[PDB]
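Working notes, structure below.
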Amino acid sequence: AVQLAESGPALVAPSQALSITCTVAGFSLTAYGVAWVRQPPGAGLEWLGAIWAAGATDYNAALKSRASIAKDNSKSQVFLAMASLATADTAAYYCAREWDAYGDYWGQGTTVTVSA
Amino acid sequence: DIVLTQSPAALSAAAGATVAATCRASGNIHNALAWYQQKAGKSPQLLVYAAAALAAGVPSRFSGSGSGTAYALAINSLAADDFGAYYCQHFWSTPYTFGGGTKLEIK
Amino acid sequence: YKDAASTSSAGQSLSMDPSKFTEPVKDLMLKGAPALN
Amino acid sequence: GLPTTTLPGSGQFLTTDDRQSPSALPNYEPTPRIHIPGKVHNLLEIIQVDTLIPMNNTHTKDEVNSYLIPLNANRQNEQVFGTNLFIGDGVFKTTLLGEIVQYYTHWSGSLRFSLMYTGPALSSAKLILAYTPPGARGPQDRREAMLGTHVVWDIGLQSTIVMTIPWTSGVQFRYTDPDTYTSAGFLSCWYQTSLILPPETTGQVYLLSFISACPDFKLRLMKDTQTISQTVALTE
Amino acid sequence: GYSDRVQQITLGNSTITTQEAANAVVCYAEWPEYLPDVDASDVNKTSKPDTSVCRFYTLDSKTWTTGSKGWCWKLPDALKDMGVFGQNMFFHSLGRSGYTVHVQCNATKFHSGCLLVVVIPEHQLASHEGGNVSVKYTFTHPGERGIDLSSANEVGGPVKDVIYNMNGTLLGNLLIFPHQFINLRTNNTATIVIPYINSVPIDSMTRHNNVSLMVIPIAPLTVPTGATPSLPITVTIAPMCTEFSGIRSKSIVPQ
Amino acid sequence: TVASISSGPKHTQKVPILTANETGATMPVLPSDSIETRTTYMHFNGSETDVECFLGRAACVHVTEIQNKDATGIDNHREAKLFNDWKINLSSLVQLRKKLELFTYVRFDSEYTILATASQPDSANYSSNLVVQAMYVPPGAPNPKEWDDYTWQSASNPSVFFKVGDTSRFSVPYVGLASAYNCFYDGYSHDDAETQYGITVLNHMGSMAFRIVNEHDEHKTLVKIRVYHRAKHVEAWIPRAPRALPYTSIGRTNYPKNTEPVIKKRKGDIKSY
């Protein structure tokens with residue numbers, strides 16, 4: 003079965019880098035892109051970025067300096083690494099995969115909170 | 379950059395009424411739009427792709443319509459599993475921005 | 013019989029010109045040449 | 020009279036037996052043949068004309084977009100499309116080649132696959148078009164694909180590549196019906212460099228894909244097709 | 019010197035130039051010609067009104083938007099009000115004509131989109147009502163305006179599904195008919211030279227349309243950002259080797 | 187005939203595999219234009235894809251039912267199936283129709299085979315030896331109204347008598363008014379707002395009326411008549427886009443409302459195999 007599983011630290015301090023790993027299963031990262039989407043509790047979905055099936059990345063226009071996506075084709079893991087987290091980065095972050103050039107098969111999500 | 383403008387933010391109706399969310403884009407999308415539903419405490423689920431095609435495991439109540447810059451998700455005779463969030467997302471030319479969102483809460 | 017309708021099938025014509033359907037262009041286009049100058 | 024023994028099959032009606040029969044209209048004089056353009060002598064003429072492939076058959080409804088292969092800008096090394104080469108099936112089933120091929124049981128010879136680029140003139144892309152001959156899987160990472168028969172297509176002022184799929188088979192003929200022993204292999208397209216769009220242009224550009232037969236193409240053992248059907252006879 | 023992109027077509031007092039052409043199609047490799055005596059059956063001496071009717075007539079321009087489905091014109095019906103050709107068509111019982119068809123659509127090197135320009139002999143349209151419903155005369159004879167394939171169905175009118183060619187055959191297989199593409203990257207003009215194609219030597223011109231011209235967007239129009247999201251398409255048609263037989267009073271057709 | 191020529195490495199400015207399909211020409215690109223090839227031979231003449239062979243086998247074009255029963259007190263012998271007639275067309279049964287509609291114009295002599303089969307569904311006790319009359323009825327010939335009227339004596343109509351159980355066989359020349367039949371007709375019989383589109387007499391092939399010659403037995407006998415058509419001396423013009431949708435009507439290109447998609451959907455994305 004196709005499953006993407008998020009795994010985060012669930013508690014981060016500000017001015018400290020966040021690092022969320024997306025363990026995927028049932029497909030290869032050499033054949034499908036992976037999308038990252040967050041949702042702050044109460045508000046709507048925001049598209050963070052996408053690493054495509056052979057390593058090219060696209061990002062938010064607003065978060066491009068602040069986020070970086072990489073992957074490992076051997077570990078079947080996609081990494082979302084955001085630096086310098088302000089308080090607006092408190093959200094549930096989700097993984098998806100490429101499907102007919104779109105995003106679906108969204109995992110359960112990890113919740114990220116940042117405070118003092 | 380393409381921004382999606384979704385209307386209205388809230389809809390309240392009974393089971394059996396017909397709702398219609400409206401999705402408008404700042405530029406032409408060429409039907410590269412998806413519709414998502416999201417329950418409370420739940421991952422989003424893909425329902426409509428290519429602005430008109432229903433996804434797998436989606437009933438025939440949902441009908442995606444619209445082309446160009448205006449797009450519409452229509453739910454004909456709401457059942458009990460239809461309540462929750464609804465989001466646009468265009469997949470033409472990264473970034474793949476979302477719409478604002480549309481709630482269905484019980485009248 | 014006495015009628016041309018009575019006879020059997022003609023057989024293969026061996027004319028076989030696909031050029032009226034595949035190259036119906038006014039100016040001759042050589043294979044290997046640039047299609048448009 | 021002359022003595023005669025009568026053989027088996029006497030009185031049978033074989034629908035392919037080509038024999039003379041009496042005319043119901045003796046001394047009838049049919050209308051003069053006038054010259055009409057576009058006379059067809061043989062179906063091997065008209066399968067050499069390329070028609071569009073609905074390669075993007077990912078929709079739940081027939082539409083014009085099913086003929087459009089999308090290209091995306093910031094993509095290196097990735098796949099553009101893939102297909103198997105059962106020409107009486109799949110994306111080829113509704114093409115002119117596939118519909119004539121479904122009137123026959125056996126096919127042989129080489130296929131002509133064309134791609135037309137339709138993006139803006141100030142855009143650039145290099146693609147690689149790979150034919151994988153049978154006995155291997157459909158390729159998965161462009162390195163696997165370029166080990167087979169392939170073309171690197173530079174898109175420029177001439178907008179159309181023609182990839183001949185050469186007859187690569189041990190058995191002299193293949194079935195037009197999908198059959199694993201006579202599988203023709205796989206066709207795939209990959210970003211060779213990437214798609215580079217000009218400024219003030221955004222989004223996807225499209226490829227149009229074309230199929231026809233080379234003049235070595237062979238076709239035999241005429242049969243009914245499943246494409247057309249009815250339940251009752253039609254009336255006025 | 020000799021360039022395939024630069025073409026001049028002169029018929030009568032009309033001239034078309036193009037600097038971005040793609041090598042005109044002559045349908046079935048047969049240039050239009052006059053009816054020879056060996057194929058003729060009608061005994062009337064035919065009128066050949068050479069320079070007065072064998073000239074380019076420009077139809078009204080269409081607007082190709084990003085949601086356009088396509089356009090269809092009928093011949094000789096699209097020229098039924100065009101000058102002396104339109105007058106001879108209604109005063110004669112019989113007539114035959116070839117055509118030079120020239121479809122025009124220019125844009126920039128930033129634009130993308132592809133038009134299929136196809137000529138279909140005996141393009142018998144399907145009704146949208148299905149069954150055995152006919153398509154009425156005023157719908158298969160629209161004149162210069164043609165049939166907009168993105169317009170809505172009407173009572174007695176044809177079906178307007180561009181994927182099924184208005185006749186129940188798929189769009190991708192129209193390329194067996196004589197055609198050109200207008201790919202905006204490559205060319206801005208399509209030119210198709212049509213001979214007279216019919217099972218009779220000469221025919222009634224008001225009750226029968228010999229061919230139909232379809233102009234169909236395949237790759238949709240993509241304009242650069244901020245630009246006008248539409249392009250004009252202009253069709254210009256010249257009759258050629260035009261004969262008329264059986265002069266009488268003017269026909270009255272439903273219009 | 188050479189199927190492929192021997193060809194080796196190329197490093198050249200002549201590039202056969204780049205072209206422009208905007209021209210509407212498909213270039214005759216060979217496999218020797220882009221791979222290294224060996225010499226092979228066709229051993230193949232293409233005979234079975236000749237239009238004489240592709241359209242030249244017998245296809246069932248009409249099934250009709252006629253009855254042998256007592257005709258006393260029957261008002262409408264047509265409605266009681268004491269006789270039946272058929273306007274001859276090759277578009278009622280759709281396997282032959284799709285083959286003929288690959289072309290716009292078609293000219294052929296016809297060869298008809300008529301098979302008659304009998305059955306007695308309700309309480310017969312013997313073998314009914316029956317003779318069928320099949321009468322070719324051109325336009326303007328008097329059509330039968332009774333199964334036994336004056337019209338069946340065939341003084342100028344060609345007719346054929348044959349037993350039920352075996353078959354009939356005759357050829358008919360090309361009887362089109364024009365030089366070929368119109369498979370497709372984008373027009374009308376005349377200039378009129380209401381008149382029918384598409385259906386033309388330019389593909390009229392005649393009509394056949396069928397009856398059982400025998401008077402009647404104690405029991406009823408149902409006779410199925412199957413007409414098979416074989417085109418021969420076939421000439422075809424203007425290849426067309428093949429039929430993709432179901433037919434709804436004789437002589438019309440109408441397809442049904444709310445049809446199923448003819449293009450198959452993949453079990454995957456465009457990258458699947």
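Residue numbers (this note's numbering), protein chains in the order written: chain R, 3 to 118; chain P, 379 to 485; chain V, 13 to 49; chain G, 20 to 255; chain C, 19 to 273; chain D, 187 to 459.
All residues carry an ideal CB built from backbone N, CA and C; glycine is no exception.
Amino acids of chain B, ordered along the chain, whose beta-carbon sits closer than 9 Å to that of residue i
i: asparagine 93 (chain G); result: Within the model displayed, chain B is absent; protein chains R, P, V, G, C and D are what it includes.
Supposed close pair residue i, residue j - CB separation, criterion 8 Å
i: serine 142 (chain G); j: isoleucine 215 (chain G); result: 6 Å
i: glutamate 162 (chain C); j: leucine 77 (chain C); result: 5 Å
i: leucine 63 (chain G); j: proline 428 (chain D); result: Not confirmed; about 16 Å, so no contact.
i: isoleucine 200 (chain C); j: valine 135 (chain C); result: 6 Å
i: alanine 149 (chain G); j: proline 158 (chain G); result: 6 Å
i: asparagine 93 (chain G); j: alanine 58 (chain R); result: 5 Å
i: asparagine 185 (chain C); j: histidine 141 (chain C); result: 7 Å
i: residue 8 (chain C); j: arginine 23 (chain C); result: Nothing can be reported for residue 8 (chain C), as the shown portion of chain C is limited to 19 through 273.
i: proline 425 (chain D); j: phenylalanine 289 (chain D); result: 6 Å
i: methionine 107 (chain C); j: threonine 224 (chain C); result: 7 Å
i: residue 14 (chain G); j: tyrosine 225 (chain G); result: Since the first residue shown for chain G is 20 and the last is 255, residue 14 (chain G) is missing from the structure and cannot be characterised.
i: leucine 133 (chain C); j: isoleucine 34 (chain C); result: Contact doesn't hold; Cβ gap of about 17 Å is too wide.
Those residues which DSSP pairs with residue i across a bridge
i: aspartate 236 (chain D); result: G:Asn61
i: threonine 240 (chain C); result: C:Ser130
i: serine 263 (chain C); result: C:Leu112
i: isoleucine 53 (chain R); result: R:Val36 and R:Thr59
i: residue 460 (chain D); result: With chain D represented from 187 up to 459, any question about residue 460 (chain D) goes unanswered, as that position is not in the structure.
i: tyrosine 182 (chain C); result: For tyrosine 182 (chain C), which the question treats as bridged, DSSP gives no partner whatsoever.
i: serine 21 (chain R); result: R:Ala83
Spatially closest choice to residue i from the options, by CA coordinates
i: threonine 113 (chain G); options: D:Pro442, D:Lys457 and D:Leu431; result: D:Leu431
i: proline 328 (chain D); options: D:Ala395, D:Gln319, D:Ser365 and D:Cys369; result: D:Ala395
i: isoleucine 380 (chain P); options: C:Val177, C:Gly244 and C:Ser217; result: C:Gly244
i: residue 488 (chain P); options: R:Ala118, R:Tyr107 and R:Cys24; result: Because residue 488 (chain P) is not part of the residues shown, which for chain P are 379 to 485, the question remains open.
i: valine 39 (chain R); options: P:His408, P:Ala410, P:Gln423 and P:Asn409; result: P:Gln423
i: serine 190 (chain D); options: G:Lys80, G:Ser127 and G:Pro89; result: G:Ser127
i: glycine 167 (chain G); options: G:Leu176, G:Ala155 and G:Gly175; result: G:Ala155
i: residue 11 (chain G); options: G:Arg162, G:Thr187 and G:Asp108; result: Lying before the first or after the last residue shown, residue 11 (chain G) is absent from chain G, which here runs from 20 to 255.
i: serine 393 (chain D); options: G:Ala43, G:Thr137 and G:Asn76; result: G:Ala43
i: residue 376 (chain P); options: P:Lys485, P:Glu483, P:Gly479 and P:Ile484; result: Nothing can be reported for residue 376 (chain P): it is not among the residues displayed for chain P, which extend from 379 to 485.
i: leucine 456 (chain P); options: P:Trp470, P:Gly394 and P:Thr383; result: P:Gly394
Which residues, taken in chain order from the stretch 169-197 of chain C, show a beta carbon closer than 8 Å to some beta carbon of chain V? Those residues of the stretch 169-197 of chain C that come within reach of chain V (Cβ to Cβ, closer than 8 Å) are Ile194 and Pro196.
Taking a cut of 7 Å between CB atoms, which residues from the stretch 100-129 of chain C lie near chain G? Residues of the stretch 100-129 of chain C that bring their beta carbon within less than 7 Å of a beta carbon in chain G comprise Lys127, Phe128 and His129, in sequence order.
Check whether the stretch 189-200 of chain D touches the stretch 182-194 of chain C, counting contact only when three or more Cβ pairs, one atom from each stretch, lie closer than 8 Å. No: fewer than three Cβ pairs fall under 8 Å.
Across the stretch 398-407 of chain D and the stretch 248-257 of chain D, are there enough close Cβ pairs to call them in contact, namely three or more that are closer than 8 Å? Because the criterion of three Cβ pairs below 8 Å is met, the stretch 398-407 of chain D and the stretch 248-257 of chain D touch.
Between the stretch 149-160 of chain C and chain D, which residues of the former have a C-beta closer than 8 Å to a C-beta of the latter? For the stretch 149-160 of chain C, which is checked against every Cβ of chain D, the residues closer than 8 Å are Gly149, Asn150, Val151, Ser152, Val153, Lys154, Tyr155, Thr156 and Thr158.
Give a yes or no on contact between the stretch 21-40 of chain G and the stretch 449-465 of chain P, applying the rule of three or more CB pairs nearer than 8 Å. Under the three-pair Cβ rule at 8 Å, the stretch 21-40 of chain G does not count as touching the stretch 449-465 of chain P.
Decide if the stretch 103-122 of chain C is in contact with the stretch 197-204 of chain D; the criterion is three or more beta carbon pairs, one per stretch, under 8 Å apart. Taking 8 Å as the limit for Cβ pairs, the verdict is that the stretch 197-204 of chain D does not touch the stretch 103-122 of chain C.
Residues of the stretch 80-108 of chain G whose Cβ lies closer than 8 Å to any Cβ of chain R, in chain order: So the close ones are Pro89, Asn91, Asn93, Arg94, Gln95, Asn96, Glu97 and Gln98.
Pairs of beta-carbons, one from the stretch 288-305 of chain D and one from the stretch 361-368 of chain D, closer than 8 Å: are there three or more? Result yes; three or more Cβ-Cβ pairs closer than 8 Å.
Could you list the residues in the stretch 53-65 of chain G with a C-beta less than 9 Å from some C-beta on chain V, going in chain order? Answer set for the stretch 53-65 of chain G: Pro56, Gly57, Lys58, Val59, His60, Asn61, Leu63, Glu64 and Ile65.
Please name the residues in the stretch 420-445 of chain D whose beta-carbon is closer than 7 Å to at least one beta-carbon of chain C, in chain order. Of all residues in the stretch 420-445 of chain D, only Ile424, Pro425, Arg426, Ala427, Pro428, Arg429, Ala430, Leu431, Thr434, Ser435, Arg438, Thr439, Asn440, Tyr441, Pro442 and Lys443 place a beta-carbon less than 7 Å from a beta-carbon of chain C.
Could you list the residues in the stretch 109-123 of chain G with a C-beta less than 7 Å from some C-beta on chain C, going in chain order? Result list: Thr113, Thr114 and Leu115.
For the 8 Å Cβ check, are there 3 or more pairs between the stretch 333-352 of chain D and the stretch 300-318 of chain D? Contact holds: three or more Cβ-Cβ distances are below 8 Å.
What are the residues of the stretch 79-100 of chain C that lie near chain P, defined by any Cβ-Cβ distance shorter than 7 Å? Answer set for the stretch 79-100 of chain C: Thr84 and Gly85.
If we count Cβ pairs, one from each stretch, closer than 8 Å, do we get three or more for the stretch 58-76 of chain C versus the stretch 196-215 of chain C? In short, these stretches do not touch, since the Cβ pair count stays below three.
Residues, ordered as in the chain, of the stretch 232-249 of chain D that lie near chain V by beta-carbon distance below 8 Å: Contact annotation: in the stretch 232-249 of chain D, residues whose CB is within less than 8 Å of a CB in chain V are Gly232, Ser233, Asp236, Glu238, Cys239 and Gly242.
Between the stretch 372-382 of chain D and the stretch 235-255 of chain D, can you find at least three pairs of beta-carbon atoms closer than 8 Å? In short, these stretches do not touch, since the Cβ pair count stays below three.
The stretch 137-157 of chain G: positions lying closer than 9 Å to chain C by Cβ: Those residues of the stretch 137-157 of chain G that come within reach of chain C (Cβ to Cβ, closer than 9 Å) are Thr137, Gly138, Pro139, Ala140, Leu141 and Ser142.
Listed from N- to C-terminal order along the chain, which residues in the stretch 457-485 of chain P have their beta-carbon within a distance smaller than 9 Å of any beta-carbon of chain G? Answer set for the stretch 457-485 of chain P: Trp470, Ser471 and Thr472.
What residues in the stretch 427-450 of chain P have a beta carbon less than 8 Å from any beta carbon of chain R? Listed by position along the chain: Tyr427, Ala428 and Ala433.
Does the contact criterion of 3 or more C-beta pairs under 8 Å hold for the stretch 34-42 of chain G versus the stretch 59-77 of chain G? Touching, no.
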